[PDB]
Structures are given as structure tokens and as C-alpha cells.
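Undergrad: Could you have a look at this structure, given as C-alpha cells, before my questions?
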Amino acid sequence: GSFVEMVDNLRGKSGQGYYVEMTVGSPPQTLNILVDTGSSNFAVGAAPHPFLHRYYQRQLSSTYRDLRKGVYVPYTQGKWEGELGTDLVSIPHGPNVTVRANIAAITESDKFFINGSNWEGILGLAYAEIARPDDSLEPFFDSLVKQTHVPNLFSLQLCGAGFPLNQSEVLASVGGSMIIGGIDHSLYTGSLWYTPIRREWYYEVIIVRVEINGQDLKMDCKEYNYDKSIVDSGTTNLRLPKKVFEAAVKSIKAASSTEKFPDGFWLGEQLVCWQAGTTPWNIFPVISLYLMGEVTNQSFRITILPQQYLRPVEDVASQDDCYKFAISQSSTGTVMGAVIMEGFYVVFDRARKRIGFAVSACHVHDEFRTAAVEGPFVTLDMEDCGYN
Ligand SMILES: C[C@@]1(c2cc(-c3cncnc3)c(F)cc2F)CCSC(N)=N1
């Protein structure tokens with residue numbers, strides 16, 4: 001019901017990530033750690049870097065254990081290399097428990113750390129199947145549940161400000177909540193609707209229908225989940241498979257056609273700006289994603305506003321309100337990233353192999369429209385939407 005100790009324990013923003021304070025080692029070393037449901041390694045800066053103000057010093061921890069094994073983790077953009085070990089870990093604004101967890105001590109990296117993000121490591125909250133070097137490296141959350149009485153569930157409320165924050169404002173500001181071991185009813189309005197976790201590797205789900213202002217995108221539903229659809233707090237954008245991206249953008253352009261925007265805007269590259277307070281939210285469509293429900297032949301929908309998919313950014317000069325388009329293409333399936341998660345309180349119910357969605361008590365909206373979670377809808381042949 002109520003988890004006051006964990007409410008408001010996140011800071012950050014969609015563009016650079018949301019992070020939680022953790023301590024590692026004995027005596028405790030404090031570090032800020034990116035909350036990432038799209039990966040499964042707990043990995044921390046452990047050597048000086050131009051963008052790190054502090055790092056894990058294994059030689060100062062009496063409880064550090066060396067696993068004598070290296071790990072190399074390349075991504076499409078960026079990479080890091082490190083040394084595997086274990087140590088005692090706590091989350092100060094979390095459950096009052098201390099656990100021994102695997103930690104990859106990052107000793108070298110390229111384009112991984114972000115200048116001014118304020119985080120020094122990543123907490124991969126997904127499953128062992130996608131851990132590096134292999135699935136025998138138990139992820140943090142699995143350790144936490146095995147070693148303590150914490151229920152096998154966590155929930156995330158990511159709070160977008162609706163306007164830009166500089167590095168000073170992000171430091172002073174509450175970015176949201178990670179509730180470990182429960183669901184806090186103050187963080188949402190309306191009902192929670194649950195979709196099954198298709199397979200425990202990423203948090204994989206199945207999308208069964210997409211609408212732009214109520215108009216069906218009318219693609220074969222397999223296209224929406226090609227080659228998977230995941231919920232990922234460590235990706236900024238809503239990312240869509242190439243063909244779905246092309247269809248969706250064509251439809252969003254048609255809905256907003258009273259104003260013409262440059263190709264670079266739709267490509268996610270360039271900002272657009274309006275005079276202060278005059279952003280024409282009403283010309284942009286709402287986007288609905290229908291998700292497989294828990295009951296046979298039942299779906300539900302989550303609906304976001306342009307206040308979610310237009311990401312506020314600071315002007316290159318002004319008092320203008322400026323934004324980038326935060327929907328982009330993917331060659332690795334749909335990614336429901338931070339700009340989608342900012343609409344919703346998201347419950348990662350690992351114990352019951354399901355993900356819940358409710359309207360966020362902190363989502364950005366206007367006097368005419370709000371984000372929504374609605375159901376049920378009768379939907380047939382939903383398993384056929386999943387890609388094999
Ligand atoms: C681990 C990874 C990831 C995320 C962010 C990151 C997080 N939030 C915002 N911007 C960047 C980052 F800065 C570095 C990363 F390696 C791989 C790319 S996708 C993902 N889910 N996690």
C-alpha cells in the first residue's frame with residue numbers, strides 16, 4: 001500500500017537516465033546508479049574517468065571479493081570492459097537490507113558515461129538470460145530476493161518535468177520513485193492493468209494494436225513486435241521497428257498537418273521551438289498501444305500525449321519552449337522507453353510474470369487531455385502477434 005521510505009528516491013530525466021543512490025563496500029562507498037530495466041548487469045565506474053566525479057575503490061572495501069574474471073560489454077553505441085567481483089550493497093532510500101551482489105568494476109569505457117548525467121554505474125534490473133558474460137552471473141535483483149524477505153516485484157514512477165532542467169535543477173529536483181518489493185498507491189490514479197511477460201530475458205511484452213488519434217495503424221500485429229517488444233527505462237525514446245516507424249510517422253504528420261515541420265525534426269535530430277506557453281499540443285495526436293491482457297481474448301490500451309513523446313530540450317540560444325521528437329526507428333524491435341514510462345506507473349511483477357500499467361500521478365498533461373489506461377477490449381488470436 002504505502003512505502004514512504006522509497007517514494008521520491010530517483011533523480012534524473014529521460015534524455016540522460018534516472019538514477020538511485022546506492023552504497024557498495026565496507027565502509028560504504030556512495031554512488032549514483034542508473035536504473036535500467038533493459039539490461040542485467042550491475043556495473044560501476046571503478047577507475048578515474050573525465051566524466052566521473054567518484055568511483056568504486058575496491059582496495060578500500062574490506063568485503064570485496066575478486067572473481068578473477070574479465071567482462072567485455074559492447075553496445076551499438078559505446079562499450080565498457082571490467083573486472084568481476086562481489087561486495088556488500090545497500091540502497092539507502094530502499095529496503096533496509098544489505099546483500100552480497102555481483103559487481104562489474106568498469107576499468108575502461110568508450111562513450112558509455114554521459115558528461116553531467118550525475119550517475120556512475122548502471123543497475124540492470126532485467127533477467128539472467130541477457131547478463132554478460134553469461135547467464136551464470138546472477139543479477140542484482142535475483143540476489144536481493146534470494147538473500148532477503150523482499151517480495152519479487154518492483155515498480156517505477158519516472159517523472160518528466162515537462163520543461164528543461166539544467167544540471168543544477170536536476171540535482172535539486174525529485175525525478176520519481178523506485179519502489180522495491182511493492183506497489184505504492186499514491187503514485188497512480190485509476191486501475192492497474194496487467195500484461196503477461198512473454199519470456200523472462202528482457203521484460204518482453206506483446207502489442208496487439210496501435211492507434212493514432214483512434215485511427216488504427218492497420219498493420220499485421222506481428223510487425224509491432226518484430227523482433228521483440230520490451231519495456232526499457234534505460235532507453236530515452238519510444239522506438240519502433242522500421243516499417244511501423246514509417247507508418248506511425250506518416251500518420252502523426254497527417255494528424256498534425258496544419259503545421260509543417262522539417263525532416264530533421266521527424267528524424268529526432270533537430271529541435272522545434274514555439275514562443276513561451278504557445279506549444280500547440282492540440283494539433284499533435286494521442287498514441288494508443290494495445291497490450292495483451294491476462295484474460296483469454298482480452299486486451300487493454302495505454303494512451304500517451306504529445307506531452308510524453310515531445311521531449312523538452314534547452315534552446316541553442318531564449319524564453320522559447322523547445323522540443324525534440326522522441327519517437328525513433330529500431331532494428332531490434334519496439335522499445336517502450338522513458339518517454340512512454342513517464343506517462344505511467346509501471347509495476348514489474350516478476351513473481352506473477354506480468355507488467356502492470358496505471359496512469360501516473362506525475363504525468364505531464366493539459367486541461368483538455370490526459371494519459372489513460374483503459375479496458376477491456378475483445379481481441380482475438382493475440383499469441384499470433386508474437387514473433388518467433
Ligand atoms: C546499458 C544501456 C545504456 C543506457 C544508457 C542511457 C540510459 N538512459 C538514458 N540515456 C542513456 C547509457 F548511457 C549507457 C548504456 F550503456 C545500453 C543501451 S540501452 C539500455 N537500456 N541500457
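Simple scheme: letters A, B, ... for chains in C-alpha cells order, numbers from 1 for residues in each chain, numbers from 1 for ligands in the order shown.
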At a cut-off of 10 Å, using only C-alpha atoms, what residues contact residue A:75? Leave out same-chain residues fewer than 3 positions from it and give the result as a ChimeraX atom specification.
TA: /A:78-80,111-112
Undergrad: Taking only C-alpha atoms and all ligand atoms into account, which residues are within 9 Å of ligand 1, as an MDAnalysis selection string?
TA: chainID A and resid 13:18 34:41 73:80 111:114 117 122:124 232:237 337:338
Undergrad: Kindly save the residues from that selection, with N, CA, C and O atoms included, as a compact mmCIF listing (two decimals), in the first residue's frame.
TA:
```txt
# COMPACT_ATOMS: atom_id res chain seq x y z
N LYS A 13 16.44 12.48 -15.68
CA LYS A 13 15.47 12.83 -16.71
C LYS A 13 15.62 11.87 -17.88
O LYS A 13 16.60 11.12 -17.96
N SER A 14 14.66 11.92 -18.81
CA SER A 14 14.57 10.90 -19.84
C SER A 14 15.80 10.84 -20.74
O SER A 14 16.23 9.73 -21.12
N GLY A 15 16.37 12.02 -21.06
CA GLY A 15 17.50 12.12 -22.00
C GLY A 15 18.80 11.51 -21.49
O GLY A 15 19.57 10.97 -22.28
N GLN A 16 19.03 11.57 -20.18
CA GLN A 16 20.28 11.06 -19.59
C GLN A 16 20.10 9.91 -18.59
O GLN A 16 21.09 9.35 -18.12
N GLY A 17 18.86 9.57 -18.27
CA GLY A 17 18.57 8.45 -17.41
C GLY A 17 18.16 8.87 -16.01
O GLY A 17 18.49 9.97 -15.54
N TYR A 18 17.46 7.97 -15.33
CA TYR A 18 17.04 8.18 -13.96
C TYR A 18 17.92 7.33 -13.04
O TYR A 18 18.20 6.17 -13.34
N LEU A 34 22.31 4.36 -12.45
CA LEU A 34 21.21 4.34 -13.44
C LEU A 34 20.30 3.12 -13.29
O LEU A 34 20.79 1.99 -13.20
N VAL A 35 18.98 3.36 -13.23
CA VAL A 35 18.00 2.30 -13.11
C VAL A 35 17.64 1.85 -14.54
O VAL A 35 17.08 2.64 -15.31
N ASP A 36 17.97 0.60 -14.91
CA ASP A 36 17.87 0.15 -16.30
C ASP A 36 17.14 -1.19 -16.41
O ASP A 36 17.72 -2.25 -16.14
N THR A 37 15.86 -1.16 -16.80
CA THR A 37 15.14 -2.41 -16.97
C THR A 37 15.50 -3.09 -18.31
O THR A 37 14.95 -4.12 -18.62
N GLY A 38 16.38 -2.51 -19.11
CA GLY A 38 16.75 -3.08 -20.43
C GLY A 38 18.10 -3.80 -20.43
O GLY A 38 18.64 -4.13 -21.49
N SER A 39 18.65 -4.05 -19.24
CA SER A 39 19.94 -4.78 -19.15
C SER A 39 19.98 -5.50 -17.80
O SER A 39 19.10 -5.30 -16.97
N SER A 40 21.00 -6.34 -17.59
CA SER A 40 21.01 -7.22 -16.42
C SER A 40 22.32 -7.28 -15.62
O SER A 40 22.49 -8.16 -14.78
N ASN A 41 23.25 -6.36 -15.90
CA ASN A 41 24.48 -6.25 -15.14
C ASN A 41 24.46 -5.07 -14.17
O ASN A 41 23.98 -3.97 -14.49
N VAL A 73 31.64 -5.66 -22.61
CA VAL A 73 30.23 -5.38 -22.93
C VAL A 73 30.15 -4.29 -24.01
O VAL A 73 30.24 -3.11 -23.69
N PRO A 74 30.01 -4.69 -25.29
CA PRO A 74 29.84 -3.68 -26.35
C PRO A 74 28.35 -3.41 -26.60
O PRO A 74 27.54 -4.34 -26.51
N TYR A 75 27.98 -2.16 -26.86
CA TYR A 75 26.63 -1.85 -27.33
C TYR A 75 26.76 -1.25 -28.72
O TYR A 75 27.88 -1.05 -29.19
N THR A 76 25.63 -0.96 -29.38
CA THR A 76 25.70 -0.37 -30.72
C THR A 76 26.45 0.96 -30.67
O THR A 76 27.30 1.22 -31.52
N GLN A 77 26.17 1.78 -29.67
CA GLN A 77 26.99 2.96 -29.40
C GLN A 77 27.62 2.83 -28.02
O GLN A 77 26.91 2.82 -27.00
N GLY A 78 28.94 2.73 -27.97
CA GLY A 78 29.63 2.65 -26.70
C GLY A 78 29.97 1.24 -26.26
O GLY A 78 29.42 0.25 -26.77
N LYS A 79 30.88 1.14 -25.30
CA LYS A 79 31.34 -0.14 -24.78
C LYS A 79 32.03 0.09 -23.46
O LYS A 79 32.45 1.21 -23.14
N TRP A 80 32.13 -0.98 -22.67
CA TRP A 80 32.92 -0.96 -21.45
C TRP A 80 33.53 -2.33 -21.18
O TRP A 80 33.03 -3.34 -21.65
N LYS A 111 32.41 6.01 -24.74
CA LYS A 111 31.09 6.61 -24.98
C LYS A 111 29.99 5.93 -24.17
O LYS A 111 28.88 5.70 -24.64
N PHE A 112 30.31 5.61 -22.92
CA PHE A 112 29.38 4.94 -22.04
C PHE A 112 28.85 5.95 -21.03
O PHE A 112 27.63 6.23 -20.98
N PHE A 113 29.77 6.50 -20.23
CA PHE A 113 29.41 7.53 -19.27
C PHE A 113 28.98 8.81 -20.00
O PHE A 113 29.51 9.12 -21.06
N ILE A 114 28.03 9.53 -19.42
CA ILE A 114 27.49 10.75 -20.05
C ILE A 114 27.93 11.95 -19.23
O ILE A 114 27.67 12.02 -18.03
N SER A 117 25.57 13.66 -16.37
CA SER A 117 24.39 12.83 -16.02
C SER A 117 24.23 12.63 -14.51
O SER A 117 23.14 12.35 -14.02
N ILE A 122 25.46 1.44 -13.53
CA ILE A 122 24.15 1.00 -14.05
C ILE A 122 23.66 -0.19 -13.23
O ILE A 122 24.44 -1.08 -12.92
N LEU A 123 22.38 -0.18 -12.88
CA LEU A 123 21.74 -1.29 -12.20
C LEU A 123 20.80 -1.96 -13.23
O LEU A 123 19.68 -1.47 -13.47
N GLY A 124 21.28 -3.04 -13.84
CA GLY A 124 20.47 -3.81 -14.78
C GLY A 124 19.45 -4.65 -14.03
O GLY A 124 19.81 -5.59 -13.29
N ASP A 232 11.71 -0.62 -21.29
CA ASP A 232 13.15 -0.28 -21.04
C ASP A 232 13.40 1.14 -20.50
O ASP A 232 13.46 2.13 -21.25
N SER A 233 13.61 1.26 -19.18
CA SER A 233 13.81 2.57 -18.56
C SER A 233 15.14 3.18 -18.92
O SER A 233 15.37 4.37 -18.67
N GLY A 234 16.04 2.39 -19.51
CA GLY A 234 17.34 2.94 -19.94
C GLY A 234 17.43 3.33 -21.42
O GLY A 234 18.53 3.51 -21.96
N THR A 235 16.27 3.42 -22.08
CA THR A 235 16.18 3.97 -23.44
C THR A 235 15.32 5.23 -23.33
O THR A 235 14.26 5.19 -22.73
N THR A 236 15.78 6.33 -23.91
CA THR A 236 15.02 7.60 -23.87
C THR A 236 13.71 7.49 -24.66
O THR A 236 12.63 7.79 -24.13
N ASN A 237 13.80 7.05 -25.93
CA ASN A 237 12.68 7.15 -26.87
C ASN A 237 11.69 6.03 -26.83
O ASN A 237 11.97 4.95 -26.30
N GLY A 337 10.43 3.07 -24.08
CA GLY A 337 11.43 3.75 -23.28
C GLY A 337 10.88 4.77 -22.30
O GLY A 337 9.69 4.78 -22.00
N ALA A 338 11.77 5.61 -21.80
CA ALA A 338 11.46 6.50 -20.67
C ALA A 338 10.36 7.49 -21.02
O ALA A 338 9.53 7.84 -20.17
```
Undergrad: Could you tell me how far atom CA of residue A:3 sits from atom CA of residue A:198, in Å to one decimal place?
TA: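 Taking atom CA of residue A:198 and atom CA of residue A:3, their separation equals 28.7 Å.
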Undergrad: Work out how far apart atom CA of residue A:150 and atom CA of residue A:95 are and give it in Å to one decimal.
TA: 7.7 Å
Undergrad: Return as a list in words the full set of residues in stretch 208-289 of chain A whose backbone-based DSSP assignment is strand (DSSP E or B).
TA: residues 208, 209, 210, 211, 212, 215, 216, 229, 230, 231, 238, 239, 240, 241, 272, 273, 274, 287, 288 and 289 of chain A
Undergrad: Skipping near chain neighbours, those fewer than 4 positions away, what residues fall within 9 Å of residue A:220 using only C-alpha atoms, listed as a list in words?
TA: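 Neighbouring residues, sequence-local ones excluded: residues 209, 224 and 385 of chain A.
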Undergrad: Which of these residues is nearest to residue A:257, using only C-alpha atoms: A:275, A:167, A:90, A:282?
TA: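 Closest candidate: A:282.
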Undergrad: Select, from A:91, A:305, A:231, A:313, the residue with the minimum atom-to-atom distance to residue A:166, counting only C-alpha atoms.
TA: A:313
